[PDB]
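**Student:** Test case, fold it:
(3 chains)
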Amino acid sequence: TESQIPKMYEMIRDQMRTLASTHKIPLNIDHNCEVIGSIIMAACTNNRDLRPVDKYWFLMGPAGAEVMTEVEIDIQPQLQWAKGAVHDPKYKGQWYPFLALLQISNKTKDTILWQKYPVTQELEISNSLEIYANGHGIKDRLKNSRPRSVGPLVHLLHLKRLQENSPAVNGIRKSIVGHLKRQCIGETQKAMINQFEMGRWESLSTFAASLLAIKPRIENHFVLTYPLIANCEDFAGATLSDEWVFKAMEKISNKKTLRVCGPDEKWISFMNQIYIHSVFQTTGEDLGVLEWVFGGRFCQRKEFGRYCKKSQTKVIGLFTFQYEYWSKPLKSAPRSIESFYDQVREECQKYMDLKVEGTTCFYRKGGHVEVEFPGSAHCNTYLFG
Amino acid sequence: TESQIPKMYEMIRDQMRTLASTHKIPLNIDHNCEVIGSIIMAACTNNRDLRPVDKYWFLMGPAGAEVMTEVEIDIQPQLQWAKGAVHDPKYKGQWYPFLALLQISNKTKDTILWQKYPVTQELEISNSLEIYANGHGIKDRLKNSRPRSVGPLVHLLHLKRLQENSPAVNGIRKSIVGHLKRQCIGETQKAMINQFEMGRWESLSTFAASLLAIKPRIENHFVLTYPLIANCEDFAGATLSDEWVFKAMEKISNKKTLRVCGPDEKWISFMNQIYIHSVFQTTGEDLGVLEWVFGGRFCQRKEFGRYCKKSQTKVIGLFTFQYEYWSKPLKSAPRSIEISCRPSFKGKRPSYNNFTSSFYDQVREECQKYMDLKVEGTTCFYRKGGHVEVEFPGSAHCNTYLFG
Amino acid sequence: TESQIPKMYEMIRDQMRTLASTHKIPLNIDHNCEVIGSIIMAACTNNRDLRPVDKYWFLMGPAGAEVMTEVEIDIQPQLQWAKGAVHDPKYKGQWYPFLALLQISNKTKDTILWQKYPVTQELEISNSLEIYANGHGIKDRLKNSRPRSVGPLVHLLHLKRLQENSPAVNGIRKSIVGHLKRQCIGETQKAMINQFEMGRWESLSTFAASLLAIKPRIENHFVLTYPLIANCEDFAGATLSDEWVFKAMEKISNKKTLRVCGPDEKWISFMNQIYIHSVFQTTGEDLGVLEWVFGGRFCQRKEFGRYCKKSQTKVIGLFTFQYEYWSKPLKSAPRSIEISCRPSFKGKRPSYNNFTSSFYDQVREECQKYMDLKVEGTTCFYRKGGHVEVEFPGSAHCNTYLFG
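**Tutor:** Numbers count the residues shown, from 1 in each chain, chains lettered A, B, ... in the order given. And now the structure:
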């Protein structure tokens, strides 16, 4: 799994810069990278969606003189490379597992700027649980490649979609349902997802209520973003379960070469934290932990108005980042304990009474030293909370 | 957007006076300015329409002795500048965006004087909906330059014309439909305008009723007319989102150097309001709205008979204008419809609760949601001489319109 | 049109042999080549129908020891070429018409063996008139690519589907009706096709009767089938309007390297004639004409019972062929129904003379006019070895057909 990780980040960045540098697209703007990366992610998984040549929004201008305009690019040099890496034996079949992680992380910024709740609204449940609906909008092949990363609600929605859409239908469903059970480690929750397999959703609100107390296991991986991938020049020790990502991304922040875009300059702090939200998948992490781990306050979405149109987003400042702690990616469920509704509420009260989460512990910057989180004054402060 | 406006009003006026003053066409008559300005704009976008020399109706006479006769004029000097201004880098590509605003406002007076409803009748809907059929008769290049100003119904008509019965047809339609959706912010309206793109128009009458209930976003900009542009000697602070246009009209109104032409002298008040109607694009606005802002009653079209021909519009009085308040032009949608928290971490707190315990119908529900709205607008008003927020208290002439 | 044909055939043969030889599929059995070529053609246009890896009925065995079994194949190397050739500029836009011709030619053997009449049955007309329903089941992109090759009844079937149930609908309908008029050269046939266009199928049975009487224009091209393409080693002069195809496939037959399959060995002559029909599109041709041209009798479908299942089809003998005459592919309709002075000059001149002195009714008049035509074809036959003009005088199997 992590054997080929150090090499994938190299040629991903190579075509990341090749497409931008071919048509004089600077890589120090996040929007240029994100849109190029949106083209880059397009070539990786959905080959037939992106055009061989097309115009996209970028920042054209030398030395801070960038003004938004639509720039045509020749993606064909980048299209031929991407299709060959799907079944390349050098990746040992890990291209699909890797691409699912890349697709989810880089779409986080679009969701943060434009706060939408597609899965929960389609599930007719509370909108503040789309945080549990990670992995929406990702390719089904990627959803069958890393279903663990894709949140249960998306699979539950796909389970709902599969019932609201042929023996091959079961094969998708069993992957959907089986990884629904794998993600939700609750003894009652596993049986309480089973009726969703049949297709009755009276407990869907109860499933919505369940997501409060019992947290489904969400496998996470530290993946850099296109504004950082193109700006990261070191990938020798690029792995997924240590402090390399924290240290390597800080080097990009220490360079202070990458710039960020927004409606106005007030978003400079907000957009800097978006990188922390996207790279470490800490969109749903507590700001107090974010303040403790990363040594700085995090701005909530409520502090800012509607995100302006991508055609009028303007460079608002340089990218910065700092951190003091870290942790191994969340492999098992965070909350661990290692009438039917009464039993569901019974297991629900079990995880509400718990006080400490985590597999082993948090780790301080500079190594894997066990440093348990003490707490912070920003309890119950979240980006969408 | 507004960067080129201060300079744009300069050469427009310079060519406006040059054409009139060349052939002893006085600039103090609206019909002189209206017809001359109508010729001026033709050179701007559709260069192949206006004749190099032609005879039109003006008011020729010294010191009030103006009479209807036709005198030929030469437009070729204006043609060269206008065609070169189409791709002139000095405007930063804002020539067509600025020209589309000019074309719509100037043709409004003819629609006011000659009450016609082309788009709505061609869209088999209510005639009172030409309020949302703004921007008819404009050049398609302009209609692709400032489609936001062009009302949805004209685009809906331009949409209807495509399905009234080539990959380039879709490109016109995709913009037209896209600018339909941008203008009409209704969640149901956005969905049920797309069904109009398919080719069905049974809910076009529902869209007729929806337009009455849900009020679409219509971008506006404060642009002067031909009689005022020729009479405006100051353009230093000429922008599109402040009181400069309101102040400029008052400065021209205080000058009283402009005359209007109509069937008879009773139309002096009607045309004075037309200047208020045309410059700020407030033809369909509530009368009580304009009376409070502009400190005077606004006459209706029913109070007067049919408008006389442009070949017999005689001087009837001096142009006057007065205003006491103003507001920024409509950018977003005026009517905007825009109890628990989900504790996600271990860190507990005092638990708080803020709660103690069809498609046509969906359109009607969105209609009903806009029925329950007591509030219009985006931010606020601004009083004359500044930008002090003075919210509308109400007026007696409310709920009444020029064509209502 | 014929410029890209040689390289087209060359790469078709290359993929034909590559996909079979990758998994040791012998190319000397008709069924192996037919199935592999069907997979290749599925890769060519409807790329989403076939699978990247799949199992199909093939004959595995060395030196005549082949038995039916399903063999997995890796179509992805062929899929990549098929999808990359879709819009390769090297074909000058002739890739789609060439693929349409290939599919039309290669979708014939299964229909011959399993005698079905889908188009006529769906059109509620005479089933024996499927002879004018060429090009059914082809991709819509291909059907627009070679609509002329697509038979008049298939276009009429698409029109009937449109009538039975958006500018795309208008475009598809107008293309269908135009190609119907092009194929059916009958003036009354054209007018009643137009009647079908708005929708009047009271003449649909009349349309069948006319097609039976008036024979519509059928464009054709000489394209080999999968087994013969895999067995063709010459593509130097590969065009579509000469004897190159005849000479090449005669040489292939003389090679005697291809085996055909069937329920029993009595079908050897039937399969040889099926190959002749598929190569020269002569399924509907008069059996006397075919016997005279190819020097051999053509067995009708009536002479053989139901074709056995593709699972139980077994090798029945080597493919053999001979011919003595050829001709170009037919371009226009095979049946074609194609003394005084006018002084403009005031001066007196002597005069000089050569001469001493219901809608269904019109449709039947045209029918009888085409009955009066005893000659079929446009230009001539050609004898083997050159383009010397020949004419068929008559044969015992005249007025007899494969399904007649």
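
**Student:** my guess is residue A:121 contacts residue A:129, does it?
**Tutor:** No - here residue A:121 does not reach residue A:129: they are 10.4 Å apart, not a contact under Cβ atoms under 8 Å. Using the backbone N, CA and C atoms, a C-beta is placed for each residue, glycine as well.

**Student:** centroid residue for chain A?
**Tutor:** residue A:105 (2.9 Å; Cα atoms, centre = their mean).

**Student:** Please name the nearest non-neighbouring residue to it.
**Tutor:** Nearest residue to residue A:105, sequence neighbours excluded (Cβ to Cβ, 6 or more residues apart in numbering or on different chains): residue A:223, at 4.6 Å.

**Student:** again, but for residue A:349
**Tutor:** Here the residue nearest residue A:349, using Cβ to Cβ, 6+ apart, is residue A:213, at 6.8 Å.

**Student:** Compare neighbour counts for residue A:121 and residue A:129 and give me the winner.
**Tutor:** residue A:129 (21 against 14; other Cβ atoms under 10 Å in any protein chain shown).

**Student:** three-state assignment of that one?
**Tutor:** helix (DSSP: H, G, I helix; E, B strand; the rest coil).

**Student:** show me what contacts it?
**Tutor:** Neighbouring residues of residue A:129 by Cβ atoms under 8 Å, 6 or more residues apart in numbering or on different chains: A:117, A:120, A:153, A:208, A:211, B:342.

**Student:** Likewise for residue A:173?
**Tutor:** By Cβ under 8 Å, 6+ apart, the contact list for residue A:173 reads A:159, A:162, A:197.

**Student:** Write out the residues of the stretch 1-150 of chain A neighbouring chain B.
**Tutor:** Residues of the stretch 1-150 of chain A lying close to chain B by Cβ under 8 Å from any Cβ of the partner chain are A:126, A:128-129, A:131.

**Student:** Just confirm residue A:69 is within a strand.
**Tutor:** Yes - counting by three-state DSSP, residue A:69 falls inside a strand.

**Student:** hey, what's it bridged with?
**Tutor:** Note on residue A:69: beta-bridge partners by DSSP bridges are residue A:58.

**Student:** is it true that residue A:304 touches residue A:266?
**Tutor:** Yes - the pair residue A:304 / residue A:266 is scored as a contact, 6.7 Å apart, by Cβ under 8 Å.

**Student:** who wins for most neighbours among the contacts of residue A:173?
**Tutor:** Within these, most neighbours by other Cβ under 10 Å means residue A:159, with 23 neighbours.

**Student:** Do I have it right that that residue meets residue A:176?
**Tutor:** Yes - under the criterion of Cβ under 8 Å, residue A:159 makes contact with residue A:176 at 4.9 Å.

**Student:** For the residue nearest to the centre of chain A, what is the enclosing helix or strand?
**Tutor:** Per DSSP states H and E, residue A:105 falls inside helix A:95-106.

**Student:** Up against chain B, what does the stretch 251-385 of chain A have?
**Tutor:** A:284, A:286, A:288-289, A:335, A:354-357, A:375, A:379-380, A:382, A:385.

**Student:** Any chance of TSV for those, columns neighbour count?
**Tutor:** What follows is those, written out as TSV (neighbours: other Cβ atoms under 10 Å in any protein chain shown):
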residue	neighbour count
A:284	18
A:286	25
A:288	22
A:289	21
A:335	21
A:354	15
A:355	8
A:356	10
A:357	15
A:375	13
A:379	17
A:380	15
A:382	25
A:385	18
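
**Student:** Which neighbouring elements make contact with the longest helix seen in chain A?
**Tutor:** Looking across chain A with DSSP state H, the single longest helix is helix A:5-22. When contacts are defined as 3 or more Cβ pairs under 8 Å, 6 or more residues apart in numbering or on different chains; DSSP states H and E, helix A:5-22 packs onto helix A:30-44, strand A:67-74, helix A:76-84, helix A:95-106, helix A:226-229.

**Student:** Residue A:376 - nearest residue in space that isn't next to it in sequence?
**Tutor:** residue A:288 (3.0 Å).

**Student:** Is that neighbour in contact with residue A:379, as I believe?
**Tutor:** Yes - contact criterion Cβ under 8 Å: residue A:288 and residue A:379 qualify, at 5.5 Å.

**Student:** So which of the residues of the stretch 1-150 of chain A next to chain B is the closest to chain B?
**Tutor:** residue A:128 (4.1 Å; Cβ to the nearest Cβ).
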